[PDB]
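Here's the letter readout for the chains.
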Amino acid sequence: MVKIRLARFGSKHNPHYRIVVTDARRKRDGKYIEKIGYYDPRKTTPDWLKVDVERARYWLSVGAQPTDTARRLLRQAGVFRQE
Amino acid sequence: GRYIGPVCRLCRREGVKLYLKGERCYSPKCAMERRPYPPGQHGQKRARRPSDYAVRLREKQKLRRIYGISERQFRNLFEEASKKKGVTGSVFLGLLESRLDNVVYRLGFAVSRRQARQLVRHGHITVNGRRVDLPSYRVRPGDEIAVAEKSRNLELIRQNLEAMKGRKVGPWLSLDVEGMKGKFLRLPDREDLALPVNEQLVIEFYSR
Amino acid sequence: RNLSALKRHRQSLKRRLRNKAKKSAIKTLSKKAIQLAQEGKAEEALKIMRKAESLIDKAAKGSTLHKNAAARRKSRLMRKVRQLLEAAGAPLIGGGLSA
Amino acid sequence: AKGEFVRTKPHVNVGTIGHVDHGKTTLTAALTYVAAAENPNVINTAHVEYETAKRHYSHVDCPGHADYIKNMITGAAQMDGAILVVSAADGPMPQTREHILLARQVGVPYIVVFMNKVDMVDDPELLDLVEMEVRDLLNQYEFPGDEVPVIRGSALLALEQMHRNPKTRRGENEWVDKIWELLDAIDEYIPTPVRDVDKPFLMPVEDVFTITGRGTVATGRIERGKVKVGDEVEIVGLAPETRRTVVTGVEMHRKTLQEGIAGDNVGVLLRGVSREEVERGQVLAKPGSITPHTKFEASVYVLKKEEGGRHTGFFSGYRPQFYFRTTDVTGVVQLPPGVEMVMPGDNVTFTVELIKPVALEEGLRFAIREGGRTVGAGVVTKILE
RNA sequence: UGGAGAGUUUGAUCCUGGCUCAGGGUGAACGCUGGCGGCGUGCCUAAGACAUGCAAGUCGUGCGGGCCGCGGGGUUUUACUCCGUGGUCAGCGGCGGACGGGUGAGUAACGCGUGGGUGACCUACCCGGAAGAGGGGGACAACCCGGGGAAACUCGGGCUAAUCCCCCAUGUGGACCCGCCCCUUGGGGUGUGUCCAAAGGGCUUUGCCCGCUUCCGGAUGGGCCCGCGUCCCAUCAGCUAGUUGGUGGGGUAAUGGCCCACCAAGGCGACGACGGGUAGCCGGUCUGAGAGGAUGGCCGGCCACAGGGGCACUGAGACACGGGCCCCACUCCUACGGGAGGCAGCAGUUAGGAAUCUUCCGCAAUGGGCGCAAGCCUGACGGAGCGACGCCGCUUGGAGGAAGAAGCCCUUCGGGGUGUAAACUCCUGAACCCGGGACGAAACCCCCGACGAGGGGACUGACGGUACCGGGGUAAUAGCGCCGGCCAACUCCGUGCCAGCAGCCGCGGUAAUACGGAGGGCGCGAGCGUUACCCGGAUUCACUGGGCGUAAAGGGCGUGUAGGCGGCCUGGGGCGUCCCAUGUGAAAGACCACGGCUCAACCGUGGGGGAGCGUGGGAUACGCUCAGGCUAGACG
RNA sequence: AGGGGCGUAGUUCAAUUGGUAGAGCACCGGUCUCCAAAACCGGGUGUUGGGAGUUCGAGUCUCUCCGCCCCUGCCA
Ligand SMILES: C/C=C\C=C\[C@@H]1O[C@](O)([C@H](CC)C(=O)NC/C=C/C=C(\C)[C@@H](OC)[C@@H](C)[C@@H]2O[C@H](/C=C/C=C/C=C(\C)C(=O)c3c(O)cc[nH]c3=O)[C@H](O)[C@@H]2O)[C@H](O)[C@H](O)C1(C)C
Ligand SMILES: Nc1nc2c(ncn2[C@@H]2O[C@H](COP(=O)(O)OP(=O)(O)O)[C@@H](O)[C@H]2O)c(=O)[nH]1
Ligand SMILES: [Zn+2]
């Protein structure tokens, strides 16, 4: 089913993921359905994570199954936090 | 890598007295003060009328020999200067000047550029705190270059920082003689560098 | 040398044989109905045709004919059958065919 | 479906010799089938093997002939002792001679003469007479002929007893024992030389194979040091230049070896090397250990007629074939101003000019053969080129 | 924000015109030479043949057994061994093996690009909503026993469990025939008549968690159809019987001659049908002032194939790379009756070739499948290795140091050159040495709170004792091409149309800046040359941007088919055309700004272009079209 | 690795009568010319594939090597 995972970009020994709502089957770095954010696992910049608030939620409210370590980031971005 | 070899030999060939030694190339024997003619077995013979090509080739060689850069690197800068906005003439010179190893020489520290290179390469220099050993490092505006602490005692940093008592630096670079510093205030201009080189004639060399 | 793929082949032959039969039934049972629907056997026609129609939606339950494949087979039966009865002979027992 | 090889008992290289059509080739097929009962898992040289109860074995069954010398002579240098075969039907025939005198020239220590074809024409003298002519022939070539384990027995019969039923323990044949007599008495008398595994790697090449699915394999007896998978080596000699690669396979008698030490015919798959790219006369060694050379000076001694050699001498500009290891390359002779008439029995120091580059190295010995006879022998002095 | 030309036809000149060169590029290969690192990248040929090992499994929280170690001995002892609980070998059942990974053989085609259509369709798992889950019967494995067999495995009798199978009911609802209303290709509503549902599993148990069933909608992914676009030969000109249409059927999820009866004679073609050759297409890439030209390797999308060829089964999906059946070729085993396999998966071999890598380490990260979860599997992937194959960075030293050693080379025998070069003196300290030593990893999970939000806690690193930092620390690699002109760089000797050079013009016949060496010089440098191919220069296929009297080029001349082109005034249309809005134009790449690895190369974030084509709205000069009028063309 | 063949001037070929090496094309000097071609004078121009062995002497008869062709060999 549709999901919300991380597609690896950057280069060797320099990971730079792109948080996206692709489709389960797509290859990891294949054609995705929509970019909603990115994540710099080495926080080598005062912005190692950004996410589309309105959008992440949209996809969630329609069947997008967040990846394990993916959700971890959506959460930290304040996706679920309903107050 | 970089040239490495008889240098006043180039001071000669090119016609214009070049400074590739700092101290000597400044005395009564830069060779251009003894044999102001090309090297080799001929050198002092009837110089035929230089072909339009020769002229440019020489002009370009002159410029690139001053900074002791390799043709590869040298070209890239030029090509790089083209794409960028503004007269390629100046821009090129600018970039050329922003070269750390050279910025060092420009601020004292090093008597020559061949020496200035070994300094940057062996550590002794610093950029906004951390140290850079890449001669090709490109210094931007607002950056302060400085000798390393462990270096501040070396027998050379002294003399070379000593002769800097008085001698002012380019209107695009400041200098704290006591606290081995220096800032790249502004990007140097065609004028500021009284170089014995015709840029808009070197730009011609890279066409046909 | 081998794999638990086999578990799928064996499993394959089995259910291949399951709906293989469920299928041929609907067939022999669909003809038997029309084979009468034109004789005039109005009553026992719908009787059988009503049986056939069951077995059809039956296979549809599982991976035999799922959806429309069943719907269609029906339309064509409750079509050919009726189209043969009105070939002289009112529809006796209510049967499946909607009056 | 391959199987590993585990070490414990010492290794040793042997190989039957003797006159053609005597017994060598079959007794070998005998010794093998024999030591395979009490030991579970057992025109061109045939490296084959059998393991007793005290040591591991190689064994070379060289064809032998005034035609296949070259092939033969090689295998000799690679062994620590030969099983000189002799037939009770004929005796010390010419080939038997040739082989011994040759087995001597190529170094080689001790011999274990096996009197095959004993089961034929019963004679009081014959059997006992032979033991004489041999010891007379062995010393006639300065061998310890008056003290060389002389076992007697008929191999042919020994073998045919094995084809009936595989398993056959000690002496269950007044026959299957003279073999156990030679086989047993063989691991005796002929010791175990000093194998130095401290020196840099170097293994001359005997035969080269192209193992389907794996690549080119180079077989030879490691002359010093050791090699395991992942070891870098150099193929030095006979080529444009010395090609370098890494070893990715080492095996003992068709079996996965772990670290093949010095003194053991091991095969080695070489990383990415085509077959026409590796041949004999080459040597696999440690990077930097030894280089390719053409010209050199050597302290050669020229045998006198008496000992085979020439009997007329040779002047400067002579073209013989020099043997370094598994090789035999030709070369011109050009030396000192004078030393011209260098007739038989001299210790001159000339200069060779081989037409094919071979892994020379000051300290290495060699031999010279011209006209079907070892005209001389010596050692590499100083290297010119 | 973007355009350079030169050599060569002549005694000389101008023109025409071909040839050749300087530029950039490449998955390269070959020669000479070769120190370090980072990031890329590496069978272009035989879609040849391939040893071996691995590349796809997972659930006992679906079910019944075998078997091993242990709670307590059913009885009172090892009896009908209940069951306790964690294991393990299959079996049954389920979800995944249709993804991910490889290749470019085929294919000139709705294959692909692009924009649309589907009132002609499907979509497992994932969300949202509705209503349910009540009765009942049965089978086959496994296991016990018997049997044939070399093996792979196979046959027979008989127990048995389920979320396996079947019958009945409930009918929220859905399917089908007919009638009706709306609607318009088969969509939506309604009435009457038939037909159709479902499975229990774990708990911390009138409640949860995981499932099950029928329906509706969302998502995502797809099928089918359509307009326009997509190479060479016309020395290939006519092609067509399921052929083109129809009617009724079969078939499919669905349209369709997709398939089949029967009927009708059509359908296609110089706007290039049919046939032959070649080729996967695209985003892009190289070049180019641009327009173009060339190309389609790595990365991303689509298609096609899985030894050659045909076929169906299971299934939400395959006519299925590590599933099945059959034929064929080839490889191997055989107890000769039948057996086994398919690297265009990773790695490795061999053959072919000018030529293209380790049978490496790890699931730590990202991603996938199954699982409540723990977790298992993952040659996807993250890494390391080999190769100057490429791009970027770095080193082989720095400052002193003679009207200037030697050696070698010239020499008008005074001297000039190599040359500050060396030596020598100081100075720094690539390597190496000792010490410290990561980022990538915070979630699954546990705990407080409701296992929600939020807060807290624990484990986990293949690369690697690597990067990087500190301290110590030795002067420590240089080659290749070229020097007649084009084209930067000249002298001596040898050679004597020889030997040889040569991209073009051309050099060599006894004073050769052209051959070979030397001295010297120029160019570039861990490289430098060579060959091959593409663009450029070549306005030399000329749309931009050419030509035909004599340079190559006017058809031998009429008449005329298709086609192209079309005077003056006015009005309708608004197809071309032009304008505005809007949808599309994926990502990466390119460009620009700023950042992150000490720089750069690489890399991230953001920003701006954009023809095409769909839609709605508008303009009407010109073109077109319709209509009316005109007489300057033309005809009478 | 082992069999069997071939190898003579620059080039095609001679002495299977074992006594130094000979023929045509070709080439090299001389006259001549700027240098050739032509004409005229005059010249064998050889690692008999190498190196050894017999022989008083070897192209020839023996060996052992080199390169090339051809036939078989060859999974640690
Ligand atoms: C000989 C072939 C290859 C050699 C290869 C190399 O040799 C070696 O270099 C070797 C190193 C010393 C070497 O150089 N070998 C090279 C040389 C070595 C020579 C050594 C030892 C001697 O000493 C003088 C030694 C044999 C000596 O001779 C005597 C014999 C005399 C015989 C006379 C002949 C007689 C009666 C006879 O009937 C006879 C005959 O036999 C043949 C033909 N026709 C005849 O009518 C006696 O027996 C002594 O023992 C190494 O061994 C290498 O490792 C190698 C094996 C690779
Ligand atoms: N008389 C006899 N003949 C034997 C014996 N051993 C072997 N043979 C035979 O001798 C012949 C040659 O034997 P082979 O092994 O070929 O000897 P090689 O090959 O010359 O070493 C064959 O026929 C063998 O069977 C034996 O002990 N006695
Ligand atoms: Zn100077």
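Note: the structure precedes this text.
Numbers given for residues start from 1 on each chain and follow the written sequence, which can depart from the numbering in the entry; residues without coordinates are excluded. In the order they appear in the text, chains get letters beginning with A and ligands get numbers beginning with 1. Note that the displayed chains come from a larger assembly and that each value is computed for the displayed part only. To obtain the side-chain values, all non-hydrogen atoms of the structure were used and water was disregarded.

Caption draft 1: Quick peek at the protein's contact with RNA strand F. All names here are of chain D. Put simply, a residue is near a molecule or strand once any heavy atom of it comes within 4 Å of that molecule or strand. In the vicinity of RNA strand F, 38 residues are found, and the nearest of them are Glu251, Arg254, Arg310, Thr312 and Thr330. Contacts described as polar in this section are N or O atom pairs within 3.5 Å, which, within protein, must combine one atom able to donate a hydrogen with one able to accept it, while residues neighboring in sequence count only if both atoms come from side chains. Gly249 has a polar backbone atom sitting 3.4 Å from a base nitrogen of RNA strand F. Within the backbone of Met252, a nitrogen or oxygen atom sits 3.4 Å from a sugar or linking oxygen of RNA strand F. Elements are defined by DSSP. Helices are runs of H or I of four residues or more, strands are runs of E of two residues or more, and each kind is numbered from the N terminus. Elements represented by at least two residues in the surface near RNA strand F include exactly α2 (69-77), β9 (207-211), β12 (243-252), β13 (265-270), β16 (321-323) and β18 (349-358). Side-chain classes are defined by residue name, with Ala, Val, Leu, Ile, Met, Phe, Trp, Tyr, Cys and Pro counting as nonpolar, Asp, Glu, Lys and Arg as charged, and the others, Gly among them, as polar. Per-class residue counts for the surface near RNA strand F are eleven nonpolar, 14 polar and 13 charged.

Caption draft 2: Summary view of the sheet that holds strand β10 (residues 215-221) of chain D. All names here are of chain D. We call two strands paired when DSSP finds no fewer than two bridges between them. Taken together, seven strands build an open sheet; the order of strands is β8-β14-β11-β12-β13-β10-β9 and the sheet is antiparallel. The open sheet has two free edges, formed respectively by β8 (202-204) and β9, since each of these has just one partner strand. Strand-to-strand twist of the sheet, defined as the mean angle between neighbouring strand axes without regard to direction, takes the value 35 degrees. Bridge count between β8 and strand β14 (residues 283-285): three bridges; the pairing is antiparallel. When the sheet's bridge partners are listed, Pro204 is paired in β14 with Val283. In this analysis an axis means a line fitted to C-alpha atoms, helices contributing only their contacting stretch, and an angle means the value between N-to-C directions, from 0 to 180 degrees.

Caption draft 3: Seen up close, the site of ligand 1. Residue and element names in this part refer to chain D. The local shell around ligand 1 holds 22 residues, among which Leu101, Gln105, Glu306, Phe366 and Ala377 are the closest. In this structure, a nitrogen atom belonging to ligand 1 sits 2.9 Å away from a main-chain N or O atom of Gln105. When the free accessible area of ligand 1 is taken as 1,200 Å², the share hidden by the protein chains comes to 72%. Considering only residue class, the shell around ligand 1 consists of eleven nonpolar, three polar and eight charged. We get accessible surface area from the Shrake-Rupley algorithm with a probe of 1.4 Å; when it comes to residues, only the shown protein chains can shield them.

Caption draft 4: The arrangement of the protein's contact with RNA strand E in detail. Looking at RNA strand E, there are 160 residues lining it, with B:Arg9, B:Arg24, B:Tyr37, B:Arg58 and C:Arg82 nearest. Protein-proximal atoms of RNA strand E, defined as those within 4 Å of the protein, fall in sugar or phosphate at a share of 79%. Here a sugar or linking oxygen of RNA strand E and a side-chain polar atom of A:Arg72 are 2.9 Å apart. The biggest single contributor to the surface near RNA strand E is helix α1 (residues 6-37) of chain C, with twelve residues. Tallied by class, the residues present in the surface near RNA strand E amount to 38 nonpolar, 52 polar and 70 charged.

Caption draft 5: Expanded view of the coordination of the zinc ion (ligand 3). All names here are of chain B. Coordination here is defined by N, O and S atoms within 2.8 Å of the metal (3.2 Å for Na, K and Ca), and since water is not considered, a site can look incomplete. Every protein donor of the zinc ion (ligand 3) is accounted for by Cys8 (SG), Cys11 (SG), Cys25 (SG) and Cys30 (SG), and the metal-donor separations fall at 1.7 to 2.2 Å. Working rule for geometry: tetrahedral if four donors all subtend angles between 85 and 135 degrees; square planar for four, octahedral for six, if opposite donors exceed 155 degrees and the others stay between 65 and 115; irregular in every other situation. Bound by four donor atoms, the zinc ion (ligand 3) shows angles of 100 to 135 degrees at the metal and therefore irregular coordination geometry. We note that the donor set of the zinc ion (ligand 3) lies within a single chain, spaced as C-x2-C-x13-C-x4-C. On the criterion of helical spacing, the pair formed by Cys8 and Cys11 is a turn pair, its members being three residues apart in helix α1 (residues 8-13). Pair check on accessibility: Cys8 and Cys11 agree, each one buried. Throughout this description, buried means an accessible area under 20% of the type-specific maximum (1.4 Å probe, protein chains only), exposed means over 50%, and partly exposed covers the range between.

Caption draft 6: Spatial organisation of the site of ligand 2. Residue and element names in this part refer to chain D. In the vicinity of ligand 2, 14 residues are found, and the nearest of them are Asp21, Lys24, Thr25, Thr26 and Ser154. Measuring from an oxygen atom of ligand 2, one finds a backbone N or O atom of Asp21 at 2.4 Å. The contact in question runs from an oxygen atom of ligand 2 to an N or O atom on the side chain of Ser154, over 2.4 Å. Expressed as a share of its isolated accessible area of 570 Å², the protein-covered part of ligand 2 is 79%. Secondary structure elements with two or more residues in the shell around ligand 2: α1 (24-34) and α5 (155-164). Ranked by residue count, the leading element in the shell around ligand 2 is α1, at three residues.

Caption draft 7: Geometry of the packing of aromatic side chains. All names here are of chain D. To pair, rings of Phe, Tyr and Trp, with the six-membered ring standing in for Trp, must have centres within 6.5 Å; the planes then decide the type, stacked if under 30 degrees apart, edge-to-face if over 60, and tilted in the middle. According to the stated counting rule, one finds 18 aromatic pairs over all chains in the structure shown. On the numbers, 5.8 Å between centres and 65 degrees between planes, the contact of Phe296 with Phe324 is edge-to-face. Of this pair, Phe296 sits in strand β15 (residues 293-299) while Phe324 sits in the loop between β16 and β17 (329-330), and the two are 28 residues apart along the sequence. Neither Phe296 nor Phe324 differs from the other in exposure class; each is buried. Taking 4.7 Å as the distance between ring centres and 50 degrees as the angle between the ring planes, the aromatic pair formed by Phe314 and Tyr318 counts as tilted.

Caption draft 8: Geometry of the packing of α1(C) against helix α2 (residues 42-61) of chain C. Residues and elements named next belong to chain C. Two elements in contact, α1 and α2, have axes separated by 9 Å at closest approach and are oriented at 160 degrees. By the angle between their directions, the pair α1 and α2 is classed as roughly antiparallel. Between α1 and α2 lies a crossing whose hand is left-handed. Between α1 and α2, the contacting residues are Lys22, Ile26, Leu29, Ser30, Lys32, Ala33, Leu36 and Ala37 on the first element and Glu44, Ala45, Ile48, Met49, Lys51, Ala52, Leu55, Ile56 and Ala59 on the second. Grouping the amino acids of the contact of α1 with α2 by side-chain chemistry returns twelve nonpolar, one polar and four charged. These descriptions rest on fixed angle ranges, namely under 35 degrees for roughly parallel, over 145 for roughly antiparallel, 65 to 115 for roughly perpendicular, and the rest for oblique. Helix crossings fall into two classes, left-handed where the near helix is turned counterclockwise from the far one by less than a right angle and right-handed where it is turned clockwise. Note on contacts: a residue pair is in contact if any heavy atoms of the two residues lie within 4.5 Å.

Caption draft 9: Seen up close, the arrangement of the chains. The two units chain A and chain B never meet; even their closest C-alpha atoms stay 17 Å apart. The smallest C-alpha distance separating chain B from chain D is 28 Å, and no contact links them.

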